[PDB]
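Below is one structure, written out as structure tokens; the observations come after it.
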Amino acid sequence: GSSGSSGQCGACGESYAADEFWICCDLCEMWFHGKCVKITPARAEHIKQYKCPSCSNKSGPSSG
Ligand SMILES: [Zn+2]
Ligand SMILES: [Zn+2]
């Protein structure tokens, strides 16, 4: 990773690698990692357009 500006996972902000398992959001449709979004690479199969933790948080009882 030498490129300055580039995609970064909101959870941690790793480099755009075509290896790890990324998740797909519907609200913001951002880029995240299964494990980062509290999701397994195997379960994703049964998951379709999961609500990333970045959005789900919005309008929360602990934090609005
Ligand atoms: Zn991450
Ligand atoms: Zn989202």
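All residue names refer to the structure tokens as shown: chains lettered A, B, ... in order, residues numbered from 1 in each chain, ligands numbered from 1 in order.
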Surrounding residues of residue 27 of chain A excluding itself and chain neighbours under 5 positions, 10 Å, only C-alpha atoms, as a PyMOL selection string: chain A and resi 49-52+54-56
With N, CA, C and O atoms retained, export the selected residues as a compact mmCIF listing (two decimals), in the first residue's frame.
```
# COMPACT_ATOMS: atom_id res chain seq x y z
N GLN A 49 -28.01 -7.81 1.50
CA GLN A 49 -28.15 -6.38 1.75
C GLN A 49 -28.30 -6.10 3.25
O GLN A 49 -29.26 -5.46 3.67
N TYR A 50 -27.35 -6.59 4.03
CA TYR A 50 -27.37 -6.40 5.48
C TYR A 50 -27.22 -4.93 5.84
O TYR A 50 -26.59 -4.16 5.10
N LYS A 51 -27.80 -4.53 6.97
CA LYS A 51 -27.72 -3.15 7.42
C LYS A 51 -26.42 -2.90 8.18
O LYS A 51 -26.34 -3.15 9.39
N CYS A 52 -25.42 -2.40 7.47
CA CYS A 52 -24.12 -2.11 8.08
C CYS A 52 -24.30 -1.44 9.44
O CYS A 52 -25.32 -0.81 9.72
N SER A 54 -22.76 1.08 10.47
CA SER A 54 -22.62 2.52 10.31
C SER A 54 -23.98 3.20 10.27
O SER A 54 -24.15 4.32 10.76
N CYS A 55 -24.96 2.52 9.68
CA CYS A 55 -26.31 3.05 9.58
C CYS A 55 -27.17 2.59 10.76
O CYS A 55 -27.73 3.41 11.48
N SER A 56 -27.27 1.28 10.94
CA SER A 56 -28.06 0.71 12.02
C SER A 56 -27.95 1.58 13.28
O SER A 56 -28.93 1.74 14.01
```
May I ask you to write as an NGL selection string all residues lying at most 8 Å from ligand 1, with only C-alpha atoms and all ligand atoms counted?
:A and (8-14 or 32-33 or 35-37)
Output N, CA, C and O atoms of each residue in that selection to a file, as a PDB file, in the first residue's frame.
```pdb
ATOM      1  N   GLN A   8     -11.085   2.986   2.163  1.00  0.00           N
ATOM      2  CA  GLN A   8     -10.721   2.579   3.515  1.00  0.00           C
ATOM      3  C   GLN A   8     -11.954   2.154   4.306  1.00  0.00           C
ATOM      4  O   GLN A   8     -12.919   2.910   4.425  1.00  0.00           O
ATOM      5  N   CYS A   9     -11.916   0.940   4.844  1.00  0.00           N
ATOM      6  CA  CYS A   9     -13.031   0.414   5.624  1.00  0.00           C
ATOM      7  C   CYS A   9     -13.358   1.335   6.794  1.00  0.00           C
ATOM      8  O   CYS A   9     -12.484   1.689   7.584  1.00  0.00           O
ATOM      9  N   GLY A  10     -14.627   1.721   6.900  1.00  0.00           N
ATOM     10  CA  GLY A  10     -15.049   2.598   7.976  1.00  0.00           C
ATOM     11  C   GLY A  10     -14.715   2.039   9.345  1.00  0.00           C
ATOM     12  O   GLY A  10     -14.348   2.783  10.254  1.00  0.00           O
ATOM     13  N   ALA A  11     -14.843   0.724   9.492  1.00  0.00           N
ATOM     14  CA  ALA A  11     -14.552   0.066  10.759  1.00  0.00           C
ATOM     15  C   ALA A  11     -13.106   0.304  11.182  1.00  0.00           C
ATOM     16  O   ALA A  11     -12.844   0.907  12.223  1.00  0.00           O
ATOM     17  N   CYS A  12     -12.170  -0.174  10.368  1.00  0.00           N
ATOM     18  CA  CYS A  12     -10.750  -0.013  10.658  1.00  0.00           C
ATOM     19  C   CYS A  12     -10.086   0.901   9.634  1.00  0.00           C
ATOM     20  O   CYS A  12      -9.372   1.837   9.992  1.00  0.00           O
ATOM     21  N   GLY A  13     -10.326   0.623   8.356  1.00  0.00           N
ATOM     22  CA  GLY A  13      -9.744   1.430   7.298  1.00  0.00           C
ATOM     23  C   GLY A  13      -8.559   0.754   6.639  1.00  0.00           C
ATOM     24  O   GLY A  13      -7.521   1.379   6.428  1.00  0.00           O
ATOM     25  N   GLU A  14      -8.713  -0.526   6.316  1.00  0.00           N
ATOM     26  CA  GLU A  14      -7.645  -1.287   5.680  1.00  0.00           C
ATOM     27  C   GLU A  14      -7.532  -0.932   4.199  1.00  0.00           C
ATOM     28  O   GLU A  14      -8.314  -0.137   3.679  1.00  0.00           O
ATOM     29  N   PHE A  32     -17.209  -2.262   3.715  1.00  0.00           N
ATOM     30  CA  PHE A  32     -16.801  -2.738   5.033  1.00  0.00           C
ATOM     31  C   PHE A  32     -16.352  -4.195   4.969  1.00  0.00           C
ATOM     32  O   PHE A  32     -16.362  -4.813   3.904  1.00  0.00           O
ATOM     33  N   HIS A  33     -15.958  -4.737   6.117  1.00  0.00           N
ATOM     34  CA  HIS A  33     -15.506  -6.121   6.193  1.00  0.00           C
ATOM     35  C   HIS A  33     -16.453  -6.956   7.050  1.00  0.00           C
ATOM     36  O   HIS A  33     -16.861  -6.536   8.132  1.00  0.00           O
ATOM     37  N   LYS A  35     -16.239  -9.442   9.172  1.00  0.00           N
ATOM     38  CA  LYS A  35     -15.861  -9.479  10.579  1.00  0.00           C
ATOM     39  C   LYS A  35     -16.013  -8.103  11.220  1.00  0.00           C
ATOM     40  O   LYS A  35     -16.352  -7.989  12.399  1.00  0.00           O
ATOM     41  N   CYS A  36     -15.761  -7.060  10.438  1.00  0.00           N
ATOM     42  CA  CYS A  36     -15.870  -5.691  10.928  1.00  0.00           C
ATOM     43  C   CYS A  36     -17.329  -5.314  11.170  1.00  0.00           C
ATOM     44  O   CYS A  36     -17.645  -4.585  12.109  1.00  0.00           O
ATOM     45  N   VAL A  37     -18.214  -5.819  10.316  1.00  0.00           N
ATOM     46  CA  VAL A  37     -19.639  -5.538  10.437  1.00  0.00           C
ATOM     47  C   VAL A  37     -20.339  -6.598  11.282  1.00  0.00           C
ATOM     48  O   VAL A  37     -21.566  -6.700  11.277  1.00  0.00           O
TER      49      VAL A  37
END
```
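Proximity to segment 45-48 of chain A at 10 Å, evaluated using only C-alpha atoms and with sequence-adjacent residues fewer than 2 positions away removed, yields residues 23, 24, 25, 26, 39, 40, 41, 42, 43, 50 and 51 of chain A.
With distances taken over only C-alpha atoms, A:1 is the one residue among A:34, A:1, A:28, A:62 lying closest to residue 15 of chain A.
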Taking the DSSP secondary structure from the backbone, can you list the residues of chain A that are helix (DSSP H, G or I), as a PDB file with N, CA, C and O atoms, in the first residue's frame?
```
ATOM      1  N   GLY A  34     -16.800  -8.141   6.557  1.00  0.00           N
ATOM      2  CA  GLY A  34     -17.698  -9.015   7.290  1.00  0.00           C
ATOM      3  C   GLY A  34     -17.431  -9.001   8.782  1.00  0.00           C
ATOM      4  O   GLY A  34     -18.288  -8.599   9.570  1.00  0.00           O
ATOM      5  N   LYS A  35     -16.239  -9.442   9.172  1.00  0.00           N
ATOM      6  CA  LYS A  35     -15.861  -9.479  10.579  1.00  0.00           C
ATOM      7  C   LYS A  35     -16.013  -8.103  11.220  1.00  0.00           C
ATOM      8  O   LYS A  35     -16.352  -7.989  12.399  1.00  0.00           O
ATOM      9  N   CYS A  36     -15.761  -7.060  10.438  1.00  0.00           N
ATOM     10  CA  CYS A  36     -15.870  -5.691  10.928  1.00  0.00           C
ATOM     11  C   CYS A  36     -17.329  -5.314  11.170  1.00  0.00           C
ATOM     12  O   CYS A  36     -17.645  -4.585  12.109  1.00  0.00           O
ATOM     13  N   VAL A  37     -18.214  -5.819  10.316  1.00  0.00           N
ATOM     14  CA  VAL A  37     -19.639  -5.538  10.437  1.00  0.00           C
ATOM     15  C   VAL A  37     -20.339  -6.598  11.282  1.00  0.00           C
ATOM     16  O   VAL A  37     -21.566  -6.700  11.277  1.00  0.00           O
ATOM     17  N   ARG A  43     -21.919 -16.912   6.503  1.00  0.00           N
ATOM     18  CA  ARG A  43     -23.300 -16.496   6.714  1.00  0.00           C
ATOM     19  C   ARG A  43     -23.752 -15.535   5.619  1.00  0.00           C
ATOM     20  O   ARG A  43     -24.894 -15.589   5.164  1.00  0.00           O
ATOM     21  N   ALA A  44     -22.847 -14.656   5.200  1.00  0.00           N
ATOM     22  CA  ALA A  44     -23.152 -13.684   4.157  1.00  0.00           C
ATOM     23  C   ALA A  44     -24.047 -14.294   3.083  1.00  0.00           C
ATOM     24  O   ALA A  44     -24.946 -13.632   2.564  1.00  0.00           O
ATOM     25  N   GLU A  45     -23.795 -15.557   2.755  1.00  0.00           N
ATOM     26  CA  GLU A  45     -24.579 -16.254   1.742  1.00  0.00           C
ATOM     27  C   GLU A  45     -26.073 -16.106   2.013  1.00  0.00           C
ATOM     28  O   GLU A  45     -26.852 -15.803   1.110  1.00  0.00           O
ATOM     29  N   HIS A  46     -26.466 -16.324   3.264  1.00  0.00           N
ATOM     30  CA  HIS A  46     -27.867 -16.215   3.656  1.00  0.00           C
ATOM     31  C   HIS A  46     -28.266 -14.755   3.849  1.00  0.00           C
ATOM     32  O   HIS A  46     -29.449 -14.435   3.958  1.00  0.00           O
ATOM     33  N   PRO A  53     -23.275  -1.566  10.297  1.00  0.00           N
ATOM     34  CA  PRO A  53     -23.290  -0.976  11.638  1.00  0.00           C
ATOM     35  C   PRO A  53     -23.196   0.546  11.604  1.00  0.00           C
ATOM     36  O   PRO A  53     -23.514   1.219  12.583  1.00  0.00           O
ATOM     37  N   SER A  54     -22.756   1.081  10.469  1.00  0.00           N
ATOM     38  CA  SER A  54     -22.617   2.524  10.308  1.00  0.00           C
ATOM     39  C   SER A  54     -23.984   3.201  10.270  1.00  0.00           C
ATOM     40  O   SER A  54     -24.150   4.318  10.761  1.00  0.00           O
ATOM     41  N   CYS A  55     -24.960   2.516   9.683  1.00  0.00           N
ATOM     42  CA  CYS A  55     -26.312   3.049   9.579  1.00  0.00           C
ATOM     43  C   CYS A  55     -27.170   2.593  10.757  1.00  0.00           C
ATOM     44  O   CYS A  55     -27.730   3.412  11.485  1.00  0.00           O
ATOM     45  N   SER A  56     -27.266   1.279  10.937  1.00  0.00           N
ATOM     46  CA  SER A  56     -28.056   0.713  12.024  1.00  0.00           C
ATOM     47  C   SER A  56     -27.955   1.576  13.278  1.00  0.00           C
ATOM     48  O   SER A  56     -28.926   1.739  14.013  1.00  0.00           O
TER      49      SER A  56
END
```
So that I can check the secondary structure, give me every residue of chain A assigned strand (DSSP E or B) by backbone DSSP, as a PyMOL selection string.
chain A and resi 22-24+31-33
Ligand 2 proximity check over A:16, A:58, A:38, A:22, using only C-alpha atoms and all ligand atoms: winner is A:58
The distance between atom 1 (Zn, counted along the ligand's line) of ligand 2 and atom CA of residue 31 of chain A is 8.6 Å
